[PDB]
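Whatever order the structure lists them in is the order used to number ligands and atoms, beginning at 1. Per chain, numbering begins at 1; letters A, B, ... match sequence-line order.
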Amino acid sequence: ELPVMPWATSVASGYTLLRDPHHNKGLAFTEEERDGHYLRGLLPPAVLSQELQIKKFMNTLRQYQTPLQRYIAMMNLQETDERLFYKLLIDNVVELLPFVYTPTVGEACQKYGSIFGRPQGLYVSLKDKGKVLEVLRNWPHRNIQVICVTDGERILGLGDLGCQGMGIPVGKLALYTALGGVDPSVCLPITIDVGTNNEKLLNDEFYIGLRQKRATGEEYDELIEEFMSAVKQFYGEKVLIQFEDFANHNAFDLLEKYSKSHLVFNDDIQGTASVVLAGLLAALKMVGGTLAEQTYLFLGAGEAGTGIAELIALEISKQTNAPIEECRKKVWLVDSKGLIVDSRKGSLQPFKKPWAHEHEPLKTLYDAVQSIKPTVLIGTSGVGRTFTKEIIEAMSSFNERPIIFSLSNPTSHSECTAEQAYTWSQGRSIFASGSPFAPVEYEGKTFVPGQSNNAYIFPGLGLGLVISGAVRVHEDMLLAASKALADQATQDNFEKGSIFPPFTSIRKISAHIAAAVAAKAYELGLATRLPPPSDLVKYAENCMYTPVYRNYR
Amino acid sequence: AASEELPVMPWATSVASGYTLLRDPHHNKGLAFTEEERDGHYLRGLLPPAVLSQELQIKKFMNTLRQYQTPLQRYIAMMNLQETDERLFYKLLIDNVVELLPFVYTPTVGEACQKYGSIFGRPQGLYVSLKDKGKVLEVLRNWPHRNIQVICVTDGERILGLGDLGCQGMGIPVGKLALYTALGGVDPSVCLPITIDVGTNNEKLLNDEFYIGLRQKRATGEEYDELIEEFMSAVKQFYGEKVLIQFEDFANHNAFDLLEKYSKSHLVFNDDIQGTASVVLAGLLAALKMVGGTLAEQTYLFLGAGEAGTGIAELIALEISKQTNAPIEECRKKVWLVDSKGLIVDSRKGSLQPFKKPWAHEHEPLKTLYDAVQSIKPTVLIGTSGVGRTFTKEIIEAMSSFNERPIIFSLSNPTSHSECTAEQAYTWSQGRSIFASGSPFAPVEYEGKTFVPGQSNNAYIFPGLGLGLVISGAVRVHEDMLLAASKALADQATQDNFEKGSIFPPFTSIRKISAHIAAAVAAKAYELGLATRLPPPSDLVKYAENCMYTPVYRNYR
Amino acid sequence: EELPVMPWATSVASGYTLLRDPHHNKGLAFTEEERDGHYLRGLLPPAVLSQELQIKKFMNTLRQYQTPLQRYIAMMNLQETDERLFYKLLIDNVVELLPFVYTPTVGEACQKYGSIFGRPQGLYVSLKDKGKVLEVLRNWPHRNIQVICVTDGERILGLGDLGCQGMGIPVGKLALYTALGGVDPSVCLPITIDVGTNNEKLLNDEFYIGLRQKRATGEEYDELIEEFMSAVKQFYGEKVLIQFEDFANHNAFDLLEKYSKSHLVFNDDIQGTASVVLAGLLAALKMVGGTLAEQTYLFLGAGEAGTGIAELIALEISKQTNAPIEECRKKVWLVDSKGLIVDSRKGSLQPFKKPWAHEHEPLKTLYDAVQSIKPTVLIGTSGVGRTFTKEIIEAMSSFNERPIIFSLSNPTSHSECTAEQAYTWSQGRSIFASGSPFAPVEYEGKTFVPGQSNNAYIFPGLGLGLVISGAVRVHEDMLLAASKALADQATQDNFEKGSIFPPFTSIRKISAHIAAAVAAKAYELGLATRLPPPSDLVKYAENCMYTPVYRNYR
Amino acid sequence: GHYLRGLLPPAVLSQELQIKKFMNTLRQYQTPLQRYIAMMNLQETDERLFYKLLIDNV
Ligand SMILES: [K+]
Ligand code: NA
Ligand code: NA
Ligand code: NA
Ligand code: NA
Ligand code: NA
Ligand code: NA
Ligand code: NA
Ligand code: NA
Ligand code: NA
Ligand code: NA
Ligand code: NA
Ligand code: NA
Ligand code: NA
């Protein structure tokens with residue numbers, strides 16, 4: 001006895017067909033399609049193939065001089081011809097990923113109100129309190145399997161962008177489709193608008209959100225609770241909810257509460273941890289060594305930092321068979337007050353305590369790098385230019401091949417650049433970054449730095465959950481995904497300095513990740529699509545959305 | 001690859017409002033649209049000011065329905081309602097099942113098929129003809145409900161006792177599916193009535209200016225087989241492996257061949273063969289609970305040895321096999337059949353159609369039913385011959401002379417073709433016969449008692465059996481599911497029915513009867529490994545009840 | 001244009017959307033090519049049946065329903081499922097079907113409307129829509145409205161106050177505009193204004209569809225009507241025809257008075273009935289000799305409808321003789337509930353009865369008035385059945401050779417007398433006509449076929465005349481012109497059977513002539529806006545007429 | 001009234017501010033042809049905004 005929306009169904013014809021992104025083929029409508037659907041005359045005589053349409057659009061797209069104009073033309077395409085959008089992205093993913101994802105999506109979010117054109121996603125605000133379920137009914141695709149949701153509090157390293165954070169889930173789900181093969185009709189981008197503490201946006205006449213400060217405490221928790229309950233009631237038990245770009249306290253609390261009642265994943269805490277782990281398994285495959293033999297130092301000890309560290313420690317426990325507390329002993333984190341150490345146990349946030357070992361207090365990253373002498377440095381602070389020449393030279397002075405992960409996004413917030421990491425280390429850093437850098441020529445050799453970004457993981461991980469009918473996420477699924485990504489890494493990639501295969505392999509990578517995730521769901525008793533298929537890799541491959549145009553009756 | 005290239009329908013959706021909402025029978029509530037729904041969907045002024053509950057709409061509709069003078073007028077008004085307010089139709093039907101069943105199923109539905117062209121109003125169901133050869137799948141694509149789970153299909157060749165009515169047989173699957181919804185709780189949106197038009201041999205219909213089908217004699221042999229094969233392969237491709245295909249009112253030889261060809265490859269069921277077997281078995285099981293005895297201890301005599309009749313026999317034998325652990329060849333030996341030529345016996349084997357041979361036991365030839373009844377001395381006598389009044393006074397008296405409580409089933413429909421009347425069975429046995437029939441008879445008063453004879457209607461079985469297949473994800477029908485349905489139906493027969501002589505519970509309990517049958521069928525499907533909705537829920541009765549469609553209006557704001 | 005608007009989407013109809021749309025649905029007449037191009041294959045059975053065979057099929061089942069009301073029900077259901085089929089069936093079987101979709105069966109339908117309510121028809125505007133009438137009009141999905149027929153249900157035929165169940169009347173009236181007058185049904189809007197009802201039986205009926213209150217009156221009533229009339233002008237413009245039906249007599253007059261100056265309006269009961277009666281009298285005198293001025297007229301019922309008929313007779317006498325209108329009233333008498341309207345009562349009459357208050361001894365009963373005045377014409381508007389008694393008709397037949405008797409009250413059960421009674425009690429000599437239909441009467445070897453003096457002969461052509469000439473006001477001379485056009489169609493073929501009007505089988509030809517004469521008169525008076533006038537108005541009217549023959553669809 | 005809640009973000013922008021917003025991005029296109037493409041796109045997305053923008057910035 002929920003209220004229901006009454007939907008009418010009809011055959012799309014004429015301009016109705018041309019104006020529906022899900023069906024519009026533009027000039028690719030065939031002769032017969034045109035004569036059966038009243039398109040004759042509404043289009044010019046010539047029939048153009050999907051492949052020529054891609055070429056035409058790529059031609060005009062490269063004439064836009066700024067990355068933001070290219071993001072704009074891509075989103076406009078997504079909202080006019082969805083299959084072309086996805087075939088174009090897939091076939092040009094290496095070139096286009098920086099424009100629809102990091103870094104450009106970050107700029108899109110900062111300027112979202114000033115470029116806002118065709119509506120994308122669903123906005124749920126404080127003003128919908130008591131009527132969330134009401135709002136969800138307005139979404140015209142009934143069969144939702146993947147939700148990506150943000151409150152915009154922590155967009156990349158750019159801070160609080162409020163209701164303009166919508167570009168992040170819209171981005172993420174396009175990658176679920178393009179990289180992961182998830183059907184776009186079952187994807188739902190959501191922004192929850194509870195206000196913003198961003199003064200500049202509160203005073204901007206184009207800000208698209210509620211002009212108030214962020215709600216906190218009960219007012220916030222009640223809205224989230226109503227949302228999560230509405231999702232369960234409307235979409236069932238198997239809907240994947242992916243949390244994106246919440247602040248530390250909220251992100252942890254949400255994962256703690258809803259991972260017992262729903263199928264949830266936090267991309268920053270769990271996705272990032274998984275991709276970094278894979279990058280470490282591959283880095284050790286190129287330069288030798290075990291995960292247990294390393295000493296880890298993190299700059300930044302919130303969601304991503306502590307989550308990556310926990311996953312690394314967890315995999316150390318699996319490979320050594322030692323208790324988890326032992327496996328944390330060579331993982332150290334530095335926050336804004338400095339090294340996290342026993343003498344501060346007095347007053348650390350809960351998620352940092354397990355990392356506080358007995359050690360002298362140290363104020364700065366540089367002093368901690370000097371005293372701890374890590375084999376591995378991982379930056380997630382969200383603060384640019386924080387891996388200095390002095391730091392990379394130190395890391396290069398006491399390791400032959402220092403592993404440097406500069407994970408903060410977008411590009412301007414990167415801890416260092418690939419250029420700086422290879423030069424300041426004399427060609428010896430194993431380097432990966434959150435955001436893309438071009439190849440670096442150093443002293444006559446080419447380095448191709450891998451992008452340690454959770455886009456390698458979430459698309460296949462989510463596909464794995466969906467094809468298996470998983471109802472909960474378990475940490476062993478994260479380790480299974482990390483291992484499936486590292487296992488795709490080859491000698492070809494390593495010779496170029498790349499810890500990951502390139503994104504031209506992404507569909508195949510996603511199919512192996514999904515297969516390993518699904519297998520793990522079956523093994524733990526968390527899968528509801530029983531029985532398992534006979535070949536999970538083949539099944540994942542066969543499940544994947546293809547954006548080649550349909551023929552229409 | 002090649003099936004990815006197949007053209008699809010570009011369906012679009014939009015919010016229904018105004019007359020688009022009022023003209024869609026799936027959503028239309030008429031005067032039951034609340035003030036709030038009217039204000040939110042642009043209905044204000046299109047309806048008068050008053051809001052009428054679903055219960056008052058039912059009462060309103062019943063009052064006018066009862067003022068129509070002929071059964072067929074009532075059929076027409078009921079079909080019109082189905083096609084304008086679907087939830088009102090289903091709720092009206094459920095709450096008045098005993099009174100309305102004769103207007104919307106048997107016998108009125110037969111009369112509607114006879115006259116279907118002359119009363120054709122609002123379209124119902126999907127017609128597939130010989131002219132759609134090579135493009136059957138393109139026709140299925142025109143049906144605007146995408147997830148079909150139950151199909152009831154006919155070629156119209158043998159509609160009740162009325163013969164070949166060609167394309168005008170659509171009244172049958174339309175009626176059956178209404179019962180699947182009302183009695184079984186199958187959601188009407190997942191039900192698809194289909195008529196396959198391959199011509200008709202009914203000369204009257206071929207000359208009737210109002211006949212709605214192809215104006216030609218039936219296709220036979222290869223042309224027919226190929227169209228059917230294209231239909232069955234298109235059904236599988238478009239709706240998947242789990243769709244139920246119920247065959248209805250095919251000619252006899254055809255009905256068996258389709259069932260044997262397609263039981264290997266699809267989920268299929270024929271109501272006239274499998275359903276009837278199961279309801280008769282349920283009846284024997286209830287009768288024996290009423291008078292004592294086991295199925296194994298009986299001796300059974302059938303008048304009529306049609307292929308459909310031998311399937312009743314075979315199911316009785318199979319159940320005797322389960323209760324006894326004896327091979328089925330041993331259990332057939334107390335089941336006898338009489339033909340036009342007399343008792344089916346071993347010495348006739350050479351001149352017997354093959355389906356009769358399993359029943360051809362060692363015995364002296366007997367030319368007549370009466371001689372067979374006196375020689376064999378059955379405890380149970382079952383009529384499927386299609387000839388009225390073959391259970392004579394001499395027969396009923398013989399049956400009553402060597403049985404305390406003779407069990408007598410006159411299954412031939414309609415009433416004029418009944419082997420005997422209820423009045424006769426009870427009068428000629430001095431009140432002692434356990435009686436049931438295919439056609440409805442009024443109660444009988446005899447000396448002291450009042451007798452309400454049970455009616456061998458396979459609507460007692462098909463709705464819960466299909467529900468059971470659907471809720472388990474069953475992929476094949478197995479004969480043990482038919483046994484499980486029969487036992488579940490007989491277990492619902494209370495002492496209240498037995499006091500009045502009724503071996504079946506009344507249709508007022510049908511929704512609960514369906515859920516028990518569905519549970520027993522589902523449980524069998526899990527047991528035989530034929531279920532795909534895994535794992536099974538722990539309480540299948542409860543689960544079956546909660547899967548049942550309820551036609552209470554939805555709220556729209 | 002701070003005026004909100006309803007955004008309407010437009011698309012090509014197919015599949016079920018086509019089948020369930022009564023305006024486009026052809027049922028089994030969709031052709032092979034239409035089916036293949038509109039996703040209908042399989043949704044319909046293989047055969048293609050013509051429009052004519054659909055009509056035959058439907059008439060066959062129709063004639064098996066045992067009650068008139070069941071036939072009305074089947075016909076409304078057909079109007080709401082296949083419009084073109086409905087209108088063609090009705091036009092080709094008009095004599096047979098009229099008594100089932102119009103008087104008398106429509107009366108019973110209104111009395112039982114809640115109990116038989118199926119497919120929605122028309123637009124309901126209630127007191128609860130106050131302040132929001134325009135918003136309700138926006139919900140009607142046909143934008144170009146040219147003819148509104150509106151009631152408040154207060155005086156439905158002679159049946160009284162039926163409240164919101166009065167809807168049946170405008171709905172039936174508009175069907176006749178289309179079937180009989182050729183107005184396109186898409187441009188017709190039936191409306192019921194629900195302000196409550198004084199019928200206690202309906203207020204206590206669980207199936208009553210209206211507001212469960214007594215009728216609003218005074219300023220409250222007038223405010224709703226004003227908002228309504230202002231909304232119709234703003235939304236449909238200056239040229240929309242508003243036909244008022246079945247208002248109480250006081251409201252009927254006041255609304256005609258007030259809105260005649262501001263809108264194109266027509267009251268069917270006061271003007272339509274006046275015009276069909278005049279035409280009947282013009283025919284009747286062509287058949288038995290004499291002049292309108294030399295008759296003596298007696299009315300039973302002095303409502304603003306009886307006085308309306310009387311006023312138009314006096315007006316045409318004025319035109320024919322040149323005498324002032326006042327003197328043309330001297331031989332026109334009316335009997336109300338307290339008796340004959342006479343000068344000695346004048347001080348205490350309602351003002352509208354005063355022009356008829358001639359000097360005469362006061363008389364209490366109709367019969368006394370019939371014996372004292374000795375009319376040549378007796379016209380009944382009472383709403384009370386069987387008031388033209390044997391004694392009255394015998395009297396009329398003793399001092400007139402051919403007494404003219406019009407028994408106008410509907411439905412049949414409220415008719416002043418029956419045709420059997422008229423011809424029997426007059427010995428075959430009455431020229432009789434009635435509001436409701438009667439079967440042929442056999443008397444001493446002669447067959448009498450009584451005419452129907454019902455405004456269905458007039459309103460269809462008259463509104464078509466207003467519409468095609470772009471008229472902006474109704475003038476009394478249009479009513480005289482319509483009367484004369486109808487009487488000019490009466491021939492000796494129909495007089496020989498005793499019918500003062502041509503049969504309904506000629507109604508399209510009659511309506512074209514009425515429309516031509518109404519339009520000519522609009523141009524002649526400076527009331528027409530479709531300029532310049534076409535030169536052959538009768539031909540133009542015929543060519544303007546809706547045909548319900550199916551369209552072919554691409 | 002028209003089932004838009006959630007499909008749009010919370011803020012309501014006036015016709016005038018939409019004009020200003022579109023003019024600001026229009027000026028940042030480098031070529032005349034790009035300005036044409038953006039205008040044609042607006043004519044086919046929001047007809048009234050297109051014509052009002054054009055009339056006020058003719
Ligand atoms: K970041
Ligand atoms: Na979270
Ligand atoms: Na397509
Ligand atoms: Na039926
Ligand atoms: Na057959
Ligand atoms: Na069969
Ligand atoms: Na029987
Ligand atoms: Na059942
Ligand atoms: Na149909
Ligand atoms: Na109505
Ligand atoms: Na009358
Ligand atoms: Na949106
Ligand atoms: Na809001
Ligand atoms: Na415009």
Next on the checklist: Looking at the Na ion (ligand 10), is there an N, O or S atom belonging to C:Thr192 that lies under 3.0 Å away from it?
Outcome noted: no
Checklist outcome for this item: Per side-chain hydrogen bond (donor to acceptor under 3.5 Å, both in side chains), B:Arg218 is matched among B:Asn201, B:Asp197, B:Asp164 by B:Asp164
Next on the checklist: Between B:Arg158 and B:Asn252, is there a side-chain donor-acceptor contact under 3.5 Å, judged purely by atom types and distance?
Outcome noted: yes
Next on the checklist: Quick check on the Na ion (ligand 10): does C:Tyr124 put an N/O/S atom closer than 3.0 Å to it?
Outcome noted: yes
Next on the checklist: For the metal site, I want the angle between atom OD2 of B:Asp155 and atom OE1 of B:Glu157 with the Na ion (ligand 5) at the apex, to 10°.
Outcome noted: 110°
Item to check | B:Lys60/C:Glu206 salt bridge by N-O under 4.0 Å criterion | outcome: no
Next on the checklist: For the metal site, I want the angle between atom O of A:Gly121 and atom O of D:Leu7 with the Na ion (ligand 12) at the apex, to 10°.
Outcome noted: 100°
Item to check | Carboxylate-amine/guanidinium contact B:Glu35 C:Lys128, below 4.0 Å | outcome: no
